[PDB]
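Written below as structure tokens is the structure these notes are about.
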2 protein chains.
Amino acid sequence: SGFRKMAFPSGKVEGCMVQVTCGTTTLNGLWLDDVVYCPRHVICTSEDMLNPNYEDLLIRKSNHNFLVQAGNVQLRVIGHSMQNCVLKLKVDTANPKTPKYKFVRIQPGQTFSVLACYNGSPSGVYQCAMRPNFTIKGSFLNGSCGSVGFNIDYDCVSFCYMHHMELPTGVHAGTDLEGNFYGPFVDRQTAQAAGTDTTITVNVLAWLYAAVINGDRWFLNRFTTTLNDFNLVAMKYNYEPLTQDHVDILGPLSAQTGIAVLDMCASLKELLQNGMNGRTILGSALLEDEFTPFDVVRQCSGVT
Amino acid sequence: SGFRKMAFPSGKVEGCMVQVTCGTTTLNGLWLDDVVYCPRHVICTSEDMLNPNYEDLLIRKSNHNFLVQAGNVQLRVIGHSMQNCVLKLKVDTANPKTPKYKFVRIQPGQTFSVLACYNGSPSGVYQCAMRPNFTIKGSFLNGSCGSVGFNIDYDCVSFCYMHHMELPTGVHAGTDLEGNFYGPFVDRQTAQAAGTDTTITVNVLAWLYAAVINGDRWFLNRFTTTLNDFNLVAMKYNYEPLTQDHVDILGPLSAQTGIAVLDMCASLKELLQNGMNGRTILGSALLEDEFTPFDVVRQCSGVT
Ligand SMILES: *[C@]1(O)C(=O)Nc2c(C(=O)OCc3cccc(C)c3)cccc21
Ligand SMILES: *[C@]1(O)C(=O)Nc2c(C(=O)OCc3cccc(C)c3)cccc21
């Protein structure tokens with residue numbers, strides 16, 4: 001027993017991280033097969049970032065201007081193309097450590113692990129969630145751009161995020177591995193404010209089920225609710241609306257614990273209305289929303 | 001910017017995990033050079049765990065009774081010995097993925113990453129701290145025994161924990177890599193209650209410095225205190241006493257932020273006495289104590 005914020009083992013992704021330098025800008029790249037993926041702003045100087053014309057800046061670049069280093073060895077760049085906000089640098093050597101992989105575009109509320117890197121070297125791994133406003137609350141310092149987010153299904157890595165930006169409010173923005181930003185963000189140092197960071201309701205319910213499974217049951221009340229009544233309270237607390245699809249996805253946790261989804265919703269409603277009263281749930285004084293229903297099942301069952 | 005509970009990249013440790021089976025008991029082992037380390041209770045049946053005589057149980061075991069599997073290949077066991085609460089199984093093949101490593105016995109309050117495994121396969125990685133009562137609050141299901149805790153210093157892995165037990169209260173106990181339990185715990189299914197889980201004061205102060213560095217400054221008050229005055233309040237709140245060694249270790253964070261250690265202590269004192277008043281610090285409604293001063297520096301500077 002015990003429930004922890006857990007990241008996927010990062011080894012498979014550590015074997016893909018490379019350093020990419022263009023001129024005086026250095027960041028991280030992802031080396032899969034004979035292609036290195038990195039944020040296109042590797043071609044910008046800090047001055048260019050204020051209002052960059054990427055196509056124009058790229059005209060002044062050749063294969064030999066992109067310096068790719070894997071460990072302490074240099075990779076030969078034999079091609080380069082821009083796809084949305086990422087550059088794909090074709091190299092002459094397929095990464096020998098390429099794991100089975102996919103590129104997926106996740107939905108808000110979905111969680112993933114990030115392997116924070118600096119100069120192509122992994123520094124740490126943590127678990128994130130794509131917020132409903134399409135930002136992520138990460139930990140990224142200068143040099144961390146190009147670090148990726150991913151999920152693992154047995155031996156296949158689904159890459160879902162690449163780090164590009166930090167908004168003026170300290171939250172983070174990035175793209176999927178096709179270079180499309182999540183949300184309305186752009187790779188330009190301009191006024192980009194995030195929308196409401198609402199709470200991922202279905203994740204909070206999944207985490208309340210994990211708490212019950214691990215012994216924390218004090219918050220279970222004697223009430224039930226309906227989706228409509230619950231959602232009126234959820235709107236008031238800046239919680240995402242709960243749908244019948246969310247109820248269906250919580251079905252296995254409802255079955256394992258014997259607590260109906262709408263009963264857990266009523267417990268959540270009372271926690272929102274009355275507060276925690278100085279108490280904790282799974283060692284937290286706030287309702288955790290960065291565990292999906294699948295993460296709860298995986299951790300509570302032992303998926304490897 | 002941004003501050004996250006971060007684990008070390010786990011690849012170096014993933015390359016060491018093996019499955020160890022003795023009879024009908026299966027758990028995880030750590031394969032370093034030509035030795036596989038695993039909890040000695042791999043020789044017990046669930047019945048034996050109530051009052052095991054390990055020396056006696058081991059007499060009925062031979063090299064061929066310990067089945068070690070690395071991936072889908074079997075390792076040949078050519079020797080076996082018991083060292084405290086671990087078995088060391090000498091194998092005929094040195095692990096080709098053995099990283100640079102050390103075995104260290106950590107002190108309470110020190111943090112480390114755990115790579116949770118099942119049947120020798122990594123499932124996830126999370127950050128832990130050795131509690132002042134020598135337990136850890138982990139996430140461990142049946143089959144996770146033998147999963148290890150570690151820290152990384154550039155390319156050297158310092159292994160500090162091996163999982164062995166879950167106490168009746170759901171908290172965890174284990175040993176260093178020489179087989180010595182942390183705390184007074186034993187590998188027997190008996191009444192073992194943990195002592196007071198006090199808060200690691202020096203870690204809370206380090207995390208308050210991380211909050212200041214990342215913009216969360218609301219809790220900074222207009223007061224100072226002394227170690228003696230602070231410790232009187234800390235005792236009342238089940239916080240570990242703060243020593244001059246703790247003050248010295250916080251020195252670099254004090255220097256970077258310009259906030260004297262005893263000023264941060266006074267801010268912490270007011271947070272303990274007045275509560276958070278529904279506010280959060282680095283997205284938490286309670287004071288986080290599972291970041292050491294070194295972890296804060298490492299994350300706030302980008303150590304790889
Ligand atoms: C990523 O490429 C990265 O790793 N750093 C980074 C920055 C960055 O460091 O911003 C500092 C900066 C930039 C522009 C103007 C000033 C005053 C400061 C920015 C964007 C993308 C990345
Ligand atoms: C580790 O070896 C491990 O992975 N599991 C485990 C257990 C365990 O599964 O406990 C279940 C159990 C044990 C004894 C009696 C009953 C009723 C149930 C126990 C100790 C160590 C380990």
Side-chain angles (χ1 to χ4, degrees), chain A residues 1-2 19-29 38-52 54 85-87 116-120 123 138-148 162-168 170 172-175 181 185-190 192 302, chain B residues 1-2 19-29 38-52 54 85-87 116-120 123 138-148 162-168 170 172-175 181 185-190 192 302:
Chain A
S1 77
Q19 178 192 72
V20 182
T21 296
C22 185
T24 65
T25 303
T26 290
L27 43 61
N28 306 280
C38 77
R40 65 179 180 172
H41 75 257
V42 71
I43 72 180
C44 303
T45 70
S46 295
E47 168 166 26
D48 292 322
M49 289 299 299
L50 308 174
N51 193 24
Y54 289 95
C85 305
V86 302
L87 287 173
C117 301
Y118 295 88
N119 301 110
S123 67
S139 179
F140 293 113
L141 294 180
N142 172 223
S144 66
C145 295
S147 299
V148 301
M162 179 169 267
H163 190 51
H164 290 241
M165 295 289 129
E166 185 167 86
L167 302 190
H172 304 104
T175 71
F181 262 89
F185 306 114
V186 293
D187 49 356
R188 180 186 184 222
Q189 206 51 71
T190 184
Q192 310 195 65
Chain B
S1 77
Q19 178 192 72
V20 182
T21 296
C22 185
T24 65
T25 303
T26 290
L27 43 61
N28 306 280
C38 77
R40 65 179 180 172
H41 75 257
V42 71
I43 72 180
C44 303
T45 70
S46 295
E47 168 166 26
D48 292 322
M49 289 299 299
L50 308 174
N51 193 24
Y54 289 95
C85 305
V86 302
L87 287 173
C117 301
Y118 295 88
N119 301 110
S123 67
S139 179
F140 293 113
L141 294 180
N142 172 223
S144 66
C145 295
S147 299
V148 301
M162 179 169 267
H163 190 51
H164 290 241
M165 295 289 129
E166 185 167 86
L167 302 190
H172 304 104
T175 71
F181 262 89
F185 306 114
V186 293
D187 49 356
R188 180 186 184 222
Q189 206 51 71
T190 184
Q192 310 195 65

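A, B, ... follow the sequence lines: proteins, then strands. Residue 1 opens every chain. Values reported hereafter were calculated over all heavy atoms of this structure, with side chains retained and with hydrogens, waters and symmetry mates removed. Atoms within a ligand are numbered from 1 in the order they appear, just like the ligands themselves.
Formation of a donor-acceptor pair under 3.5 Å by the A/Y54 side chain with backbone atoms of A/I43 is not found in this model. Between the side chain of B/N28 and the backbone N or O of B/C145, at least one donor-acceptor pair lies under 3.5 Å. Checked by atom type and distance alone, the side chain of A/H172 pairs as donor or acceptor with a backbone atom of A/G138 at under 3.5 Å. When atom types are taken as modelled, the side chain of B/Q19 and the backbone of B/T26 share no donor-acceptor pair closer than 3.5 angstrom. Remark: the backbone N or O of A/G2 is paired with a side-chain donor or acceptor of B/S139 at under 3.5 angstrom.
Scanning the protein for heavy atoms near atom 4 (O) of ligand 1, the closest one is A/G143 N, 2.8 Å. The protein atom (non-hydrogen) at minimum distance from atom 5 (N) of ligand 2 is B/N142 ND2, 3.1 Å.
At least one heavy atom of A/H164 lies less than 4.0 angstrom from ligand 1. Heavy atoms of B/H163 stay at 4.0 angstrom or farther from ligand 2. Judged by the shortest distance from any of its heavy atoms, A/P39 lies outside the 4.0 Å radius around the atoms of ligand 1.
Those atoms of ligand 1 with a heavy atom of A/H41 less than 4.0 angstrom away are 1 (C), 2 (O), 21 (C), 22 (C). When each atom of ligand 1 is checked for a heavy atom of A/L27 under 4.0 Å away, the hits are 2 (O).
The N/O atoms of A/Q189, backbone and side chain alike, include none that comes under 3.5 Å of an N/O atom in ligand 1.
For atom 12 (C) of ligand 1, no protein heavy-atom neighbour is found at a distance under 4.0 Å. Put simply, atom 18 (C) of ligand 1 has no protein non-hydrogen atoms near it, under 4.0 Å away. Distance check for atom 22 (C) of ligand 2: a protein heavy atom is found below 4.0 Å.
The closest non-hydrogen atom to atom 1 (C) of ligand 1, taken over A/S144, A/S147, A/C145, A/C117, comes from A/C145. Considering B/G302, A/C44, A/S46, A/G146 only, the shortest heavy-atom separation from atom 14 (C) of ligand 1 involves A/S46.
Counting only heavy atoms from C-beta outward, the side chains of A/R40 and A/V86 never approach each other to under 4.5 Å. Residues A/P39 and A/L27 form a side-chain contact, since some pair of their non-hydrogen atoms from C-beta on lies under 4.5 Å apart.
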message: Assess the residue pair B/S1 and A/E166 against the criterion (side chain to side chain donor-acceptor pair (under 3.5 Å)); give the C-alpha distance rounded to whole Å, side-chain angles, the decisive distance to 0.1 Å, and a yes or no.
response: CA-CA 8 Å; B/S1 77; A/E166 185 167 86; 3.0 Å; yes

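For the atom pair B/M165 CE and B/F181 CZ, the distance stands at 5.0 Å (nearest 0.5 Å).
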